[PDB]
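K.L.:
One structure is given below, represented as structure tokens, and several questions about it will come after.
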Amino acid sequence: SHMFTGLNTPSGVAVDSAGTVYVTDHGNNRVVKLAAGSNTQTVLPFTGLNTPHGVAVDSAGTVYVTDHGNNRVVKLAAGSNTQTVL
Amino acid sequence: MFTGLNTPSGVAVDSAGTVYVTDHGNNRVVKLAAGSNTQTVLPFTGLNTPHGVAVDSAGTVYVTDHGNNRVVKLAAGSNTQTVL
Amino acid sequence: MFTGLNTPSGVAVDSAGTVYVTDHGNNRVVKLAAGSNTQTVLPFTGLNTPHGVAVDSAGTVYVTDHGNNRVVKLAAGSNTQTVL
Amino acid sequence: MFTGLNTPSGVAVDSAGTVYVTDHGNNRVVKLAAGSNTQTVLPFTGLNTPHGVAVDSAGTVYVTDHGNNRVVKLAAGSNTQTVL
Amino acid sequence: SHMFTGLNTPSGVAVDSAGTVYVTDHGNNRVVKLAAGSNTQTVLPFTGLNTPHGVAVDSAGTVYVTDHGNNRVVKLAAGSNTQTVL
Amino acid sequence: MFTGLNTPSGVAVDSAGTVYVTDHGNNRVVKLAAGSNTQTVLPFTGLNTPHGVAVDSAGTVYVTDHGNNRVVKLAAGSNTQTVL
Ligand SMILES: [Cl-]
Ligand SMILES: [Cl-]
Ligand SMILES: [Cl-]
Ligand SMILES: [Cl-]
Ligand SMILES: [Cl-]
Ligand SMILES: [Cl-]
Ligand SMILES: [Cl-]
Ligand SMILES: [Cl-]
Ligand SMILES: [Cl-]
Ligand SMILES: [Cl-]
Ligand SMILES: [Cl-]
Ligand SMILES: [Cl-]
């Protein structure tokens with residue numbers, strides 16, 4: 001327990017079939033994820049964000065985020081370093 | 001690709017890969033079907049700022065209507081919303 | 001079927017069709033089972049504005065506790081939350 | 001000096017130095033006079049999430065009632081609001 | 001009383017020395033104002049807005065608004081039809 | 001001109017025409033002095049999402065710190081914040 005660090009007004013949350021939790025850390029302009037049982041979060045490599053607000057994850061582990069200040073939606077496949085703008 | 005969004009807020013994705021977004025600054029809910037580049041507006045009515053969205057295994061879409069203090073839902077292929 | 005909501009924000013639906021809403025202006029999380037007609041207030045404690053909600057296949061509820069800079073989880077049969 | 005705030009949103013200050021805050025997660029508006037050490041909850045009624053606040057030179061308080069799609073006002077010596 | 005019309009999740013509010021009330025009608029992508037005693041609002045001619053969130057008015061009646069989805073602040077002088085981007 | 005803002009939220013203006021903005025997506029409060037094209041960051045500390053801002057006749061700046069459930073203030077030319 002108490003394993004996310006440095007959160008600031010988290011907004012969106014999603015959970016996948018492995019129990020990994022995805023959060024839009026809305027005050028910090030980033031999307032973080034925490035595997036089940038894990039002590040250390042991962043910060044997803046979305047680029048160019050202006051306040052991520054909502055997040056969803058599909059059955060293939062693709063992460064979709066609303067980029068509130070950029071009027072767009074972005075997506076990252078599981079383990080990818082290269083987002084796609086929807 | 002989504003076009004003309006304004007301060008999108010909520011996002012959901014169904015078992016087929018369709019993406020649903022609450023276009024929170026534009027008073028509407030939009031989707032983008034997997035297999036398609038054409039966004040569609042869902043026929044919700046009477047909205048005052050849709051804020052969050054969810055989709056169930058049957059394709060039913062559930063939206064928080066922030067300014068009406070209610071949750072609205074549309075079944076897959078229905079144009080008739082139900083209020084929860 | 002939901003009652004007394006105030007600027008609901010987040011919404012999630014599980015595989016049973018239970019709908020979960022963050023009743024953001026009232027500092028609480030509510031759920032309504034598919035086919036039920038009374039809501040249940042989930043026994044989260046110490047919230048400062050639940051904002052978003054998700055639910056896993058086992059019915060564990062995850063909520064962003066916006067003003068406490070934290071994510072809380074509650075198993076469906078539990079009255080004791082865990083902080084993530 | 002403010003107590004029990006939950007995701008405060010709006011803030012205003014008048015010519016007397018009284019500070020007014022929309023205590024947005026608790027569905028209420030609070031004020032603290034310059035040099036005082038207890039807050040007063042303003043007697044607005046029927047709010048669904050006060051979001052923004054302003055105050056005129058006569059001390060009349062204006063609040064956006066986000067979930068009721070309305071603006072409410074309360075004179076400093078009054079217990080009865082007006083809807084704009 | 002009950003003189004604003006068509007509001008949708010109003011957010012920001014401001015009041016000037018004439019008692020005119022200014023509101024960001026955040027769900028409708030517009031800024032409205034209502035003079036004291038008046039039965040009919042005015043809609044200010046800001047352009048290109050992506051969700052106005054906050055509003056202020058100065059002692060000269062110049063209106064300043066945060067354009068949340070455009071990552072900017074805009075201003076309109078009293079009676080003007082031509083905003084300035086700050 | 002303001003530069004590098006992210007989802008600005010609150011705005012205030014003082015008797016001199018200085019404009020104060022809560023740069024809500026960037027965890028900071030900025031101002032732009034009348035007579036100047038150079039924005040400055042106010043030395044608030046410990047912020048978790050500043051949401052609203054007000055300024056009094058003495059130039060004191062008051063900010064709602066949304067994620068810390070508090071209001072912070074800075075006197076004109078002070079770098080030492082006080083918590084209300
Ligand atoms: Cl928010
Ligand atoms: Cl936001
Ligand atoms: Cl928002
Ligand atoms: Cl909203
Ligand atoms: Cl909100
Ligand atoms: Cl919020
Ligand atoms: Cl908010
Ligand atoms: Cl709100
Ligand atoms: Cl909002
Ligand atoms: Cl907003
Ligand atoms: Cl916001
Ligand atoms: Cl916020």
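Ordered as shown in the structure tokens, chains take letters A, B, and onward, while each chain numbers its residues from 1 and ligands are numbered from 1 in the order shown.
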Compute the set of chain F residues within 8 Å of chain A, using only C-alpha atoms, and express it as a tab-separated table (two decimals) with C-alpha atoms, in the first residue's frame.

P.N.:
chain	number	residue	atom	x	y	z
F	6	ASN	CA	-1.45	24.92	-19.40
F	7	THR	CA	-5.20	24.90	-18.73
F	24	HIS	CA	-3.57	25.09	-13.17
F	25	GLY	CA	-1.94	22.42	-15.35
F	26	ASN	CA	1.59	23.64	-14.46
F	27	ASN	CA	1.30	23.89	-10.72
F	48	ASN	CA	-0.88	20.92	-5.46
F	49	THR	CA	-2.86	22.58	-8.27
F	66	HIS	CA	-7.07	22.67	-4.67
F	67	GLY	CA	-5.06	19.51	-3.74

K.L.:
Dump as a PyMOL selection string the residues of chain B that approach chain C to within 7 Å, counting only C-alpha atoms.

P.N.:
chain B and resi 51-57+64+66-67+69-70+84

K.L.:
Kindly export the residues of the current selection with N, CA, C and O atoms, as a PDB file, in the first residue's frame.

P.N.:
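Wrote result_12.pdb, looks like this:
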ATOM      1  N   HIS B  51     -19.417  14.709 -18.551  1.00  0.00           N
ATOM      2  CA  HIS B  51     -18.135  14.764 -17.881  1.00  0.00           C
ATOM      3  C   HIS B  51     -17.386  13.424 -17.904  1.00  0.00           C
ATOM      4  O   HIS B  51     -16.169  13.414 -18.161  1.00  0.00           O
ATOM      5  N   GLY B  52     -18.028  12.293 -17.639  1.00  0.00           N
ATOM      6  CA  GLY B  52     -17.421  11.007 -17.634  1.00  0.00           C
ATOM      7  C   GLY B  52     -18.214  10.064 -18.511  1.00  0.00           C
ATOM      8  O   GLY B  52     -19.435  10.277 -18.708  1.00  0.00           O
ATOM      9  N   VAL B  53     -17.563   9.010 -18.977  1.00  0.00           N
ATOM     10  CA  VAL B  53     -18.231   8.012 -19.852  1.00  0.00           C
ATOM     11  C   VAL B  53     -17.673   6.595 -19.515  1.00  0.00           C
ATOM     12  O   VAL B  53     -16.501   6.390 -19.206  1.00  0.00           O
ATOM     13  N   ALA B  54     -18.594   5.636 -19.617  1.00  0.00           N
ATOM     14  CA  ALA B  54     -18.290   4.207 -19.451  1.00  0.00           C
ATOM     15  C   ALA B  54     -19.057   3.446 -20.549  1.00  0.00           C
ATOM     16  O   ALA B  54     -20.110   3.880 -20.984  1.00  0.00           O
ATOM     17  N   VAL B  55     -18.596   2.246 -20.881  1.00  0.00           N
ATOM     18  CA  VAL B  55     -19.288   1.370 -21.855  1.00  0.00           C
ATOM     19  C   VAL B  55     -19.237  -0.071 -21.272  1.00  0.00           C
ATOM     20  O   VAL B  55     -18.206  -0.498 -20.729  1.00  0.00           O
ATOM     21  N   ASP B  56     -20.374  -0.737 -21.352  1.00  0.00           N
ATOM     22  CA  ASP B  56     -20.490  -2.133 -20.804  1.00  0.00           C
ATOM     23  C   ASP B  56     -20.260  -3.146 -21.958  1.00  0.00           C
ATOM     24  O   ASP B  56     -19.999  -2.809 -23.120  1.00  0.00           O
ATOM     25  N   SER B  57     -20.294  -4.420 -21.563  1.00  0.00           N
ATOM     26  CA  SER B  57     -19.977  -5.492 -22.505  1.00  0.00           C
ATOM     27  C   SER B  57     -21.002  -5.626 -23.609  1.00  0.00           C
ATOM     28  O   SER B  57     -20.646  -6.157 -24.672  1.00  0.00           O
ATOM     29  N   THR B  64     -22.014  10.668 -17.270  1.00  0.00           N
ATOM     30  CA  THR B  64     -22.383  11.600 -16.220  1.00  0.00           C
ATOM     31  C   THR B  64     -22.700  12.986 -16.847  1.00  0.00           C
ATOM     32  O   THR B  64     -21.909  13.546 -17.603  1.00  0.00           O
ATOM     33  N   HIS B  66     -23.057  16.298 -15.874  1.00  0.00           N
ATOM     34  CA  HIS B  66     -22.534  17.022 -14.688  1.00  0.00           C
ATOM     35  C   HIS B  66     -23.508  18.109 -14.185  1.00  0.00           C
ATOM     36  O   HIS B  66     -23.751  18.248 -12.991  1.00  0.00           O
ATOM     37  N   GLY B  67     -24.053  18.899 -15.122  1.00  0.00           N
ATOM     38  CA  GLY B  67     -24.993  19.987 -14.813  1.00  0.00           C
ATOM     39  C   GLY B  67     -26.446  19.616 -14.655  1.00  0.00           C
ATOM     40  O   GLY B  67     -27.266  20.451 -14.279  1.00  0.00           O
ATOM     41  N   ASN B  69     -27.030  16.713 -12.804  1.00  0.00           N
ATOM     42  CA  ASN B  69     -27.067  15.832 -11.650  1.00  0.00           C
ATOM     43  C   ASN B  69     -27.681  14.472 -11.904  1.00  0.00           C
ATOM     44  O   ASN B  69     -28.456  13.956 -11.116  1.00  0.00           O
ATOM     45  N   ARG B  70     -27.272  13.821 -12.986  1.00  0.00           N
ATOM     46  CA  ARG B  70     -27.822  12.602 -13.420  1.00  0.00           C
ATOM     47  C   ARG B  70     -26.836  11.805 -14.246  1.00  0.00           C
ATOM     48  O   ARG B  70     -25.846  12.337 -14.772  1.00  0.00           O
ATOM     49  N   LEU B  84     -30.645   7.258 -15.373  1.00  0.00           N
ATOM     50  CA  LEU B  84     -30.465   6.683 -14.045  1.00  0.00           C
ATOM     51  C   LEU B  84     -30.251   7.862 -13.057  1.00  0.00           C
ATOM     52  O   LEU B  84     -29.589   8.985 -13.251  1.00  0.00           O
TER      53      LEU B  84
END

K.L.:
Just the helix (DSSP H, G or I) stuff from chain E, please, per backbone DSSP, written as JSON, numbers by chain.

P.N.:
{"E": [26, 27, 28, 68, 69, 70]}

K.L.:
Save out the residues we just selected, N, CA and C atoms, as a PDB file, in the first residue's frame.

P.N.:
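Output below, filename part.pdb:
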ATOM      1  N   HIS E  26     -19.357  27.944 -18.788  1.00  0.00           N
ATOM      2  CA  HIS E  26     -18.269  27.048 -19.150  1.00  0.00           C
ATOM      3  C   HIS E  26     -18.692  25.881 -20.007  1.00  0.00           C
ATOM      4  N   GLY E  27     -19.915  25.424 -19.851  1.00  0.00           N
ATOM      5  CA  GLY E  27     -20.392  24.332 -20.685  1.00  0.00           C
ATOM      6  C   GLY E  27     -20.837  24.763 -22.061  1.00  0.00           C
ATOM      7  N   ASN E  28     -21.051  26.065 -22.261  1.00  0.00           N
ATOM      8  CA  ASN E  28     -21.484  26.653 -23.516  1.00  0.00           C
ATOM      9  C   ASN E  28     -20.471  27.466 -24.270  1.00  0.00           C
ATOM     10  N   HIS E  68      -9.416  28.051 -21.147  1.00  0.00           N
ATOM     11  CA  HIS E  68      -8.838  26.821 -20.569  1.00  0.00           C
ATOM     12  C   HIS E  68      -8.262  25.874 -21.596  1.00  0.00           C
ATOM     13  N   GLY E  69      -9.016  25.620 -22.687  1.00  0.00           N
ATOM     14  CA  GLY E  69      -8.555  24.721 -23.716  1.00  0.00           C
ATOM     15  C   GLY E  69      -7.664  25.296 -24.732  1.00  0.00           C
ATOM     16  N   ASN E  70      -7.444  26.603 -24.696  1.00  0.00           N
ATOM     17  CA  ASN E  70      -6.472  27.233 -25.568  1.00  0.00           C
ATOM     18  C   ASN E  70      -5.277  27.737 -24.883  1.00  0.00           C
TER      19      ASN E  70
END

K.L.:
One decimal, in Å: what's the spacing between CA of residue 65 (chain E) and CA of residue 68 (chain B)?

P.N.:
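Separation of CA of residue 65 (chain E) and CA of residue 68 (chain B): 25.0 Å.
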
K.L.:
Calculate how many Å separate CA of residue 76 (chain D) from CA of residue 76 (chain F), rounding to one decimal.

P.N.:
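Value for the CA of residue 76 (chain D)-CA of residue 76 (chain F) distance: 27.5 Å.
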
K.L.:
Rank nothing, just name the residue among E:81, E:67, E:1, E:40 nearest to chain A, using only C-alpha atoms.

P.N.:
E:67

K.L.:
Determine which residues of region 4-83 of chain D DSSP labels as strand (DSSP E) from the backbone of this structure, then write them out as a ChimeraX atom specification.

P.N.:
/D:11-13,19-23,28-32,40-41,50-55,61-65,70-74,82-83

K.L.:
How far is it from CA of residue 65 (chain F) to CA of residue 54 (chain A), in Å with one decimal?

P.N.:
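Taking CA of residue 65 (chain F) and CA of residue 54 (chain A), their separation equals 21.3 Å.
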